[PDB]
Amino acid sequence: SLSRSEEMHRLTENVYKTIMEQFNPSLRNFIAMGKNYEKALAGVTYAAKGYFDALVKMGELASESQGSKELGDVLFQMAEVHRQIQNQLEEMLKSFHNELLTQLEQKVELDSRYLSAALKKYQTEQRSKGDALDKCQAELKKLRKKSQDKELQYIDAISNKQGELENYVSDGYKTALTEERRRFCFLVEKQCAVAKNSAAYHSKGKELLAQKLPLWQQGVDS
Amino acid sequence: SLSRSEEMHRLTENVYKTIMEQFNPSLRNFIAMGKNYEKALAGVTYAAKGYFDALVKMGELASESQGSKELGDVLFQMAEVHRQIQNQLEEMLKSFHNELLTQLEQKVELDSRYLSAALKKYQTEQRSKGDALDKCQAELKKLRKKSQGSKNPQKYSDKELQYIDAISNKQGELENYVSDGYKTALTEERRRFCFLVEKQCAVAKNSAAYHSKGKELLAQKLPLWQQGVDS
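Protein chains in written order, with our numbering: chain A, 1 to 222; chain B, 223 to 453.
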């Protein structure tokens with residue numbers, strides 16, 4: 001390591017600062033934004049029922065009519081398809097709250113605070129092994145300049161501190177990057193987890209309509 | 223129990239009555255729930271945007287990361303799939319509005335008033351033919367009791383045959399008039415339930431296109447995103 005092992009230290013620092021300065025505040029925004037989105041979804045849930053019952057009611061009247069009885073069956077079936085799709089939506093929504101939103105809230109609420117302490121702790125021991133090396137060198141200097149094997153004790157003590165430091169930094173940086181990568185990953189995963197539940201929503205709708213649509217269409221063209 | 227003409231006449235009156243007293247009111251309630259449902263979805267549309275921006279921003283922060291840049295793309299793709307799907311919703315929405323709701327709205331608005339005039343016109347006309355028949359048949363009975371068999375003058379017998387002729391004609395016109403009203407009644411009734419189903423179909427057709435566009439975008443990318451997670 002040259003005088004560039006300074007960069008590695010400085011980098012560990014920025015990684016921690018950036019998670020606090022940008023990552024968490026933006027994630028919070030993401031959460032709030034997601035919640036707003038969640039709230040609108042729940043809205044569709046309540047309104048869906050009013051519509052459902054109105055379909056059924058048209059269905060009943062048709063089933064009670066003088067000569068449009070067969071159409072009552074079409075209406076009921078349409079209401080039925082709506083009920084099932086509406087249920088797959090609620091499944092997705094529940095998965096939106098329980099696996100993405102609630103999770104992220106919990107993992108972000110105190111995260112900056114701990115990263116702060118984690119960073120401070122890192123710098124502290126980093127500053128410690130540095131001050132210990134300097135003072136150790138400020139001695140190998142007081143000796144070499146005074147001698148104008150006690151020297152062998154330092155040159156070999158310096159190199160040990162130089163090693164124990166170079167591998168404390170490199171070590172911090174590794175952890176740091178894990179810290180950064182892990183937070184994005186977690187986000188992506190849960191997103192996938194809900195996107196997967198989303199798929200089961202569209203697939204059921206596509207499926208359900210595929211079966212019934214041609215029949216409803218024929219009942220009309222009848 | 224006044225023949226098939228009286229029974230059919232009654233069904234005509236009940237058919238118009240059911241369209242005005244139940245079909246139309248329940249249809250207005252249907253439109254009303256349709257609109258509440260429409261607003262709800264519209265609500266989703268707006269929130270969708272903010273969510274979109276958020277995703278993109280996390281994507282940008284990831285592309286500027288040191289060792290998470292890869293994930294930046296997975297987020298951007300998710301943002302994309304979401305934006306597209308969101309547009310497909312806007313569409314189902316537009317058809318839900320332009321083909322069903324607005325359509326049922328003007329159809330229903332002044333309907334019972336026209337159905338009401340239609341009913342009255344039918345009732346009035348079928349009552350004239352009915353009264354005309356009864357009077358006619360009444361003057362006949364009145365004429366017969368003046369009969370003196372073998373001695374009835376030609377003036378007499380000719381008049382009787384004139385009435386028999388007229389009764390036969392009025393009698394038949396009335397029957398068809400009622401018989402014709404009934405067919406039209408069933409058509410008025412039939413047509414509305416049918417129009418509802420049609421529009422419901424059009425919206426369903428739109429709904430399939432949205433749901434299907436969703437399954438392709440996700441079934442296509444999900445497995446790949448599933449990999450980026452695997453790291």
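Cβ coordinates follow ideal geometry from the N, Cα and C atoms, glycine included.
Legend entry - Proximal residues to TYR238(B) (C-beta, below 6 Å), its chain only, five neighbours per side dropped: In the second sequence, counting from the first residue as 1, residue 238(B) sits at position 16. Cβ contact annotation for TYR238(B) (same chain, cutoff 6 Å, sequence separation greater than five): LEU337 and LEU341, in chain order.
Inset, instruction - Quick one: grab the DSSP three-state call for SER3(A). - result: Taking the first sequence and counting its residues from 1, one reaches residue 3(A) at position 3. Three-state result, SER3(A): coil.
Legend entry - C-alpha distance - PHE23(A) paired with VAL44(A), whole-angstrom precision: As a first step, residue 23(A) must be located in the first sequence, where it is residue number 23. As a first step, residue 44(A) must be located in the first sequence, where it is residue number 44. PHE23(A) and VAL44(A): Cα-Cα distance of roughly 31 Å.
Legend entry - Separation of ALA47(A) from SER112(A), as counted between CA atoms: Start at 1 with the first residue of the first sequence, and residue 112(A) comes out as number 112. Start at 1 with the first residue of the first sequence, and residue 47(A) comes out as number 47. If you take the alpha carbons of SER112(A) and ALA47(A), they lie about 40 Å apart.
Legend entry - Rounded separation between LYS405(B) and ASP356(B) - CA only: By 1-based counting over the second sequence, the position of residue 405(B) is 183. By 1-based counting over the second sequence, the position of residue 356(B) is 134. Each residue's Cα considered, the two are about 25 Å apart.
Legend entry - Best match in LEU215(A), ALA193(A) and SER1(A) for proximity to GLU99(A) [C-alpha to C-alpha]: Here residue 99(A) corresponds to residue number 99 of the first sequence, with the count starting at 1. Nearest option by C-alpha distance: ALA193(A).
Inset, instruction - Note down the Cα distance separating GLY281(B) from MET92(A), rounded to an integer number of angstroms. - result: For the purposes of this step, residue 281(B) is taken as residue 59 along the second sequence, with counting starting at 1. For the purposes of this step, residue 92(A) is taken as residue 92 along the first sequence, with counting starting at 1. Between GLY281(B) and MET92(A), the C-alpha separation is close to 23 Å.
Inset, instruction - Anything in the stretch 403-415 of chain B with a Cβ closer than 7 Å to a Cβ of chain A? List those residues in chain order, please. - result: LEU408, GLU411, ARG412 and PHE415
Legend entry - Nonlocal neighbours in the same chain, by C-beta distance under 8 Å from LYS141(A), ignoring five residues either side: Counting from one through the first sequence, the residue named residue 141(A) turns up at place 141. There are no such residues.
Inset, instruction - Work out the CA separation of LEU283(B) and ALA132(A) for me, nearest whole Å. - result: The residue given as residue 132(A) occupies position 132 in the first sequence. The residue given as residue 283(B) occupies position 61 in the second sequence. C-alpha separation (whole angstroms): 38 Å.
Legend entry - Stretch pair the stretch 26-43 of chain A + the stretch 257-266 of chain B: three plus CB contacts closer than 8 Å: Contact holds: three or more Cβ-Cβ distances are below 8 Å.
Inset, instruction - Note the first and the last residue of the continuous alpha helix (DSSP H) segment covering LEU383(B). - result: Within the second sequence, the letter at position 161 stands for residue 383(B). From DSSP, the alpha helix (DSSP H) with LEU383(B) extends over 376-452.
Inset, instruction - Could you tell me whether the stretch 226-237 of chain B touches the stretch 4-21 of chain A, where touching means 3 or more Cβ pairs closer than 8 Å? - result: Fewer than three pairs of CB atoms, one per stretch, sit closer than 8 Å, so the stretch 226-237 of chain B makes no contact with the stretch 4-21 of chain A.
Legend entry - Nearest-angstrom beta carbon gap, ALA195(A) and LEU444(B) [assumed within contact, 8 Å]: Here residue 444(B) refers to the residue found at position 222 when the second sequence is read from its first residue. Here residue 195(A) refers to the residue found at position 195 when the first sequence is read from its first residue. 6 Å between Cβ atoms; contact.
Legend entry - Test: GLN448(B) CB closer than 7 Å to a CB of chain A: To locate residue 448(B), count along the second sequence from 1; it is residue 226. Answer yes: the Cβ-Cβ gap between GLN448(B) and chain A drops below 7 Å somewhere.
Inset, instruction - Just confirm the distance between the C-beta atoms of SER65(A) and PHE415(B), as a whole number of angstroms; I'd bet it's less than 8 Å. - result: Indexing the first sequence from 1 puts residue 65(A) at position 65. Indexing the second sequence from 1 puts residue 415(B) at position 193. That pair is a contact at about 7 Å.
Inset, instruction - Using only alpha-carbon positions, find the residue among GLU13(A), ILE19(A), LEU2(A) and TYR201(A) that is nearest to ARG181(A). - result: Stepping through the first sequence from its first residue, residue 181(A) is reached at position 181. Its Cα nearest to that of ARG181(A), the residue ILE19(A) stands out among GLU13(A), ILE19(A), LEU2(A) and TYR201(A).
Inset, instruction - Give the DSSP-derived three-state secondary structure of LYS261(B) in the structure shown. - result: Residue 261(B) sits at position 39 when you count from the first residue of the second sequence. DSSP places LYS261(B) in helix when its eight states are reduced to three.
Inset, instruction - Determine the contact status of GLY205(A) and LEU408(B), defining contact as a CB-CB distance below 7 Å. - result: Position 205 of the first sequence, counting from 1, holds the residue named residue 205(A). Position 186 of the second sequence, counting from 1, holds the residue named residue 408(B). Cβ atoms of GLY205(A) and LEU408(B): not closer than 7 Å.
Inset, instruction - Can you tell me which of the three DSSP states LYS57(A) falls into? - result: As a position in the first sequence, residue 57(A) is number 57, starting the count at 1. Secondary structure at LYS57(A): helix, using DSSP grouped into helix, strand and coil.
Legend entry - Chain-ordered neighbours of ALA118(A) on chain B, where CB pairs are closer than 9 Å: Looking up residue 118(A) in the first sequence gives position 118. Those do not exist, as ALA118(A) stays about 17 Å from chain B at its closest Cβ, beyond 9 Å.
Legend entry - Straight-line gap, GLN299(B) to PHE417(B) (C-alpha atoms, nearest Å): As a first step, residue 299(B) is located in the second sequence; it is residue number 77 there, counting from the start. As a first step, residue 417(B) is located in the second sequence; it is residue number 195 there, counting from the start. Cα to Cα, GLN299(B) sits roughly 41 Å from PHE417(B).
Legend entry - Where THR346(B) falls, given that 16 or more other Cβ within 10 Å makes a residue buried: Counting from one through the second sequence, the residue named residue 346(B) turns up at place 124. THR346(B) is exposed by the Cβ-count criterion.
Inset, instruction - Check the Cβ-Cβ distances between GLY289(B) and every residue of chain A, and say whether any is below 7 Å. - result: For the purposes of this step, residue 289(B) is taken as residue 67 along the second sequence, with counting starting at 1. Closer than 7 Å to some Cβ of chain A, the Cβ of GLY289(B) qualifies, so yes.
Inset, instruction - Compare the Cα-Cα distances from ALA388(B) to each of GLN376(B), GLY403(B) and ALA360(B) and report the closest residue. - result: Against the second sequence, residue 388(B) aligns to sequence position 166. When each option's Cα is compared against that of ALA388(B), the closest is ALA360(B).
Inset, instruction - For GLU420(B), return the contacting residues in chain A, with the cut-off set at a CB-CB distance below 7 Å. - result: Stepping through the second sequence from its first residue, residue 420(B) is reached at position 198. What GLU420(B) touches in chain A: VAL220.
Legend entry - Which of helix, strand or coil DSSP assigns to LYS94(A): On the first sequence, residue 94(A) is found 94 positions in, with the first residue counted as 1. In this structure, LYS94(A) counts as helix in the three-state DSSP scheme.
Inset, instruction - Within the same chain, show all residues whose beta-carbon is closer than 8 Å to that of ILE31(A), passing over the 5 residues directly before and after it, in chain order. - result: Counting from one through the first sequence, the residue named residue 31(A) turns up at place 31. Only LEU101, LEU104, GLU105 and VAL108 meet the Cβ criterion.
Inset, instruction - Could you tell me the distance, in whole angstroms, from the CA atom of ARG144(A) to the CA atom of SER26(A)? - result: In the first sequence, the residue the question calls residue 144(A) occupies position 144. In the first sequence, the residue the question calls residue 26(A) occupies position 26. Going from the Cα of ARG144(A) to the Cα of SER26(A) covers about 55 Å.
Inset, instruction - Rounded to whole angstroms, what's the CA-CA distance from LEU11(A) to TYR154(A)? Just pull it up for me. - result: In the first sequence, counting from the first residue as 1, residue 11(A) sits at position 11. In the first sequence, counting from the first residue as 1, residue 154(A) sits at position 154. Taking the Cα positions, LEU11(A) is about 30 Å away from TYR154(A).
Legend entry - chain B contacts made by the stretch 127-148 of chain A, where a contact means CB separation under 8 Å: If the cut-off is 8 Å between Cβ atoms, the stretch 127-148 of chain A has nothing near chain B.
Legend entry - Where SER372(B) falls: helix, strand or coil (DSSP): Counting from 1 along the second sequence, the entry for residue 372(B) is found at position 150. DSSP places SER372(B) in helix when its eight states are reduced to three.
Inset, instruction - Quick one: give me the first and last residue of the alpha helix (DSSP H) that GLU243(B) is part of. - result: Within the second sequence, numbered from 1, the residue matching residue 243(B) stands at position 21. No alpha helix (DSSP H) contains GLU243(B), which DSSP labels as neither H nor E.
Legend entry - Alpha-carbon to alpha-carbon, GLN126(A) and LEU297(B): Your numbering for residue 297(B) matches position 75 in the second sequence. Your numbering for residue 126(A) matches position 126 in the first sequence. Those two C-alpha atoms are separated by around 35 Å.
Legend entry - Test: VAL169(A) CB closer than 7 Å to a CB of chain B: By one-based count along the first sequence, residue 169(A) stands at place 169. By this cut-off, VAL169(A) is not an interface position.
Legend entry - Proximity to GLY72(A) [Cα-Cα], best of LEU55(A), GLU179(A), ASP221(A) and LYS190(A): Taking the first residue of the first sequence as 1, we reach residue 72(A) at position 72. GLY72(A) has its Cα closest to that of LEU55(A), out of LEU55(A), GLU179(A), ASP221(A) and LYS190(A).
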